[PDB]
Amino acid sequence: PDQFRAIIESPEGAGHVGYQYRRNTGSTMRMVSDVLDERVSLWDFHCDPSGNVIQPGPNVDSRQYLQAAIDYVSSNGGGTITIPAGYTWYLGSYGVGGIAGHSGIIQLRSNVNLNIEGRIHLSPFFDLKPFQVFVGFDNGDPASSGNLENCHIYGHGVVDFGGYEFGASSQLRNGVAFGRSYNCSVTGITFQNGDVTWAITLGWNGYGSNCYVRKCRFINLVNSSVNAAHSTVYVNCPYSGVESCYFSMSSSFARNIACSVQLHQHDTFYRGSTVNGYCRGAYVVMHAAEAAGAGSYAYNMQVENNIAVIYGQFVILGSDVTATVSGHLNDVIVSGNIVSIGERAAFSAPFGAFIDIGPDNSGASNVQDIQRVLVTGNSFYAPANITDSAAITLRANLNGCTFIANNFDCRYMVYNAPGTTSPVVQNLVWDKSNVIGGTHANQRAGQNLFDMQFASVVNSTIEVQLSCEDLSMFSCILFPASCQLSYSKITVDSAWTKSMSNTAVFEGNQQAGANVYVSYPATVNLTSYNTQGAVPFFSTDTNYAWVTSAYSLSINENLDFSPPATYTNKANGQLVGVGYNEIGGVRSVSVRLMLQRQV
């Protein structure tokens, strides 16, 4: 009786108060404590050594308490710990043990989920230091680490990095480092107010599977000149991806260093997301140095249905090698994306591009094996002043990329800087269904719309179609003499080209190759013989030995004669056709022709 009151007030009290669900006689006869034990919060571990609850706040380091919670729930086979709403929970010290090597704060454990409803903040203890807030590795050496399985972080809560700048460029900072992560995810969470390297990394060098980031927000996560590099979500295990997320940056430095996503393993995706204020959209890459878990091929890579305002490149393709491993990148789709380069001065940020074929980290452009890429049904726009804007900047070797039914409205279509790298290009396909916008009309003095600054081009198709005039451009397409061109199809539709002095330019007369198939407009001067009746007209110049046929693109203002409608050539390089002199006389005309070779 005295004993009873004592028991009731003790910590075992709830385990003595009976309960039966809804007074149902067929329900289990339980105690209150059993029902309360069905859920678990940080409050259940956020206490002093005497078991008195501690209130969180800027002067309380909640880390040991949250770790105690995770450790305990782990011991029972898992569950979900709530981080309660209405409170900010500060982290103020590093974790210990296997996450120490990763500058870990909290260690995640398998089957233990975190429902983050309140706020998690970093205390100024972390100012100018490295940190990785949640770490899923159990060993300082990732290679000796066990796995993290079935760990989900979700809720309406917030992870706030406290605004602290990096102390040194060589430091790393992360939000969620899942590790060798299988069936792990982050959903609904806002990551904000920092200077970090990544917010979330999934997998470790290809180890992991079925990891996803969904409906999260990432806001202002780069803030200093010290930050070396930033990729908001790093996907480094297969069968994993990012969808329906929001990414925003406002610092100037983010415009030069920040990427929203990097996809590094096969069967990965980046979809339905919105990006603003970033340098880059996504890197899609097989790095040989990360091929341990899932092989040396990145394939089945999808970037789709995203909205972006960026300052540099939207999708960056790459692959590289080590002494013992070669990376390969193939079977990629980039579709449905609507992307623009934000308002900025020309050359004030990394060169603007929808697609970039980038060299490796050390700058090499002769190691890449990138092929079977499909770029379709995207829109891209860059303001008229941004000289450094291209549909594709093709700066390293390329083994194939196909463009169909895009709308590109920027300065260049295909570009590479001259006197830089000399890529070897195979299987570049630019279908006639790509629409070329007019924003940059009149801005292109001295410039080639397709500036083919390559070592060589093979098995490629460029079908140029203009949709408005731009008489400022030097040419629609130009190949320098140093670029070999073979087994290719290069065509310039004549619409909007009547006043262009150059349409297609082959500085090494590469269009004469045996398996080169071309057509483009040119102006040609012809002279006829004096014969009345059917009469030959011949070109005054002799540079047409490669031409298989040509046809008139000009009206005939004359009554007394007509030039040929169509022409062939002669061994000396003249064109020759048969027109008609109603009355005799030598004729001399200047005609716009469509020159054709094997087409």
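Position 1 is the first residue in the sequence shown; the rest follow in order.
For the segment pair 133-141 and 382-390, the entry gives 133-141 the higher mean B-factor, averaged over Cα atoms. Here the stretch with the larger average CA B-factor, out of 44-52 and 553-561, is 44-52.
Sorting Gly327, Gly377, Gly513, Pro350 by the CA temperature factor given in the entry leaves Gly327 at the top. Taking the deposited Cα B-factors for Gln371, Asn407, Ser362, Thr201, the highest one is held by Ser362. The deposited CA B-factor of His264 belongs to the middle third of values across its chain. Per-chain ranking of the deposited C-alpha B factor places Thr88 in the highest third. Split the chain's modelled residues into thirds by C-alpha temperature factor. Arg395 is in the middle one. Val17 sits in the highest third of its chain by CA B factor, as recorded in the PDB entry.
In the deposited entry, the Cα temperature factor of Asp127 sits in the top third of values across the chain's modelled residues.
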